[PDB]
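Convert by adding 171 to the 1-based position in the sequence shown; the result is the number in the entry's author numbering. Since the structure comes first, as structure tokens, the remarks are kept for the end.
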Amino acid sequence: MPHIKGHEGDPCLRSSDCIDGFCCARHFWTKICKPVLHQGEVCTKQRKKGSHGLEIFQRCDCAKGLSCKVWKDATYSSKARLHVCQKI
Numbered sequence: 172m173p174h175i176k177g178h179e180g181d182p183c184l185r186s187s188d189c190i191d192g193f194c195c196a197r198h199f200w201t202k203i204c205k206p207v208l209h210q211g212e213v214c215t216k217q218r219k220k221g222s223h224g225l226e227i228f229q230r231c232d233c234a235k236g237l238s239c240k241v242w243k244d245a246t247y248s249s250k251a252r253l254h255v256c257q258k259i
């Protein structure tokens, strides 16, 4: 398929396949396109998906000018570690 945009509510299957300022995320029902995140929002700098019995990640990268920092919160217990965005 051609360059599929996001617009918050569009099916994606590529590393991005979303608006110039959007990022593709993973959703329970199906993979959809979601907007960018900002300081304070969850961040993802380490994700491993491929082996059997894996966990879904419903998040996207931070907006331009933000740094991905680790965030200790009662949630990473699932498997992967949780991070947060910081406005540079």
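Beta carbons are placed, not taken as given, at the ideal position from N, Cα and C, and that holds for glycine.
Secondary structure of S186, DSSP reduced to three states: Shown here, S186 sits in coil according to DSSP, grouped into three states, outside any helix or strand.
Between which two residues does the beta strand (DSSP E) holding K250 run? It is not in any beta strand (DSSP E) - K250 carries neither H nor E in the DSSP assignment.
Given a threshold of 16 other Cβ atoms within 10 Å of its Cβ, counted over all protein chains shown, does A196 qualify as buried or as exposed? Classification for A196: buried.
So, for residue 272: in the same chain, excluding its five sequence neighbours on each side, which residues have a beta-carbon less than 7 Å away from its beta-carbon? The question about residue 272 has no answer here: the residues shown for the chain are numbered 172 through 259.
Note down, in chain order, each residue of its chain lying with its Cβ closer than 7 Å to the Cβ of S249, except the 5 sequence neighbours on either side. These residues qualify, in order along the chain: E226.
Which one of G192, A234, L184, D191 has the shortest CA to CA distance from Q210? Among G192, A234, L184, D191, the Cα nearest to that of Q210 belongs to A234.
For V207, three-class secondary structure by DSSP: Coil.
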